[PDB]
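Heads up, what comes next is one protein chain in two forms, each shown on its own as structure tokens, labelled structure 1 and structure 2.
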Structure 1
């Protein structure tokens, strides 16, 4: 999703905003991710405002105290950044790819079913279009955030084609936009 970002040249095509409809943007995140309600007190404390950041191809990122929390494209669903998912790794359901798949996910590639049906992989029930955290085999922290393009049962039986779309991965353009000031 971030191809025009990773040309270095940070703080270039990104506008930040002050006064936002703050609570009007929270109540959608609890419905998207239910297991987060007891943690937005720390993630988005009411003592600190939120500041939206909009860079092009029509993406906006929610930030508090500089740190990048969620992002979305146009009016689509919110995705947590990996830096935040790392702090609270239970935000998303997990899908675990095998060790051999890391270097491919790390280069922006979508996840094929061989990546999820391998012995080193671990696939869990997930409906189509659900946001998942891409864990790797011998690794503790999420490698990627994706969205099921096929159901977990389809990935098993069909066992080829695109299983999970690669939306945001370690060392991509959003990853290197550390914080905005």
Structure 2
């Protein structure tokens, strides 16, 4: 979603949200990510203004104190940024690709089922459309936010095709935008 993204050519503007809208977005974050609820006072303090950075193709980025927390496109689901996920890795269920696939997902490629079924990888049960944190064999931190395009049982069985859609990866255009300011 951010492979050729950058502030100049993609960010139209940045609106500050009213209290009515913030409570609604928090509620949607709760519904999507149940375990985030006890941490929201910490991620989005009462005291701090909440902004949406509006981007081309109806991408919105939620920011607090200039830190990028979540993003969505249209009124689709929210996805954590990788920076937020690194601070709170438990927000998302995990899938672990084999180390050979690291180079390809860091260049923006979608995850193919052999990256998840080969030795060194770890595939965990997941329904299609689940937002997952992509971990890497031998690596402590997540490198990609993905969406299951086949269920994890299908990925084991079909074993060919896109298993996981690459949505956001380390040093993509979103990653490079460290803060909004």
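Here, rigid core means the biggest group of C-alpha atoms that superpose within 1.5 Å across both forms. Numbering follows the first chain given and starts at 1. Residues that one form lacks are left out of the comparison.
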Residue 158 C-alpha relocation of at least 2 Å between structures 1 and 2, rigid core basis: no
Rigid core superposition, residue 22 Cα moves 2 angstroms or more between structures 1 and 2: no
Would the C-alpha of residue 10 be classed as shifted by 2 Å or more between structures 1 and 2 after rigid-core alignment? yes
Rigid-core-superposed Cα shift at residue 130 between structures 1 and 2, Å: 0.5
Residues present in both forms only, core superposed, 2 Å C-alpha shift required: which runs of three or more differ between structures 1 and 2? 6 to 20
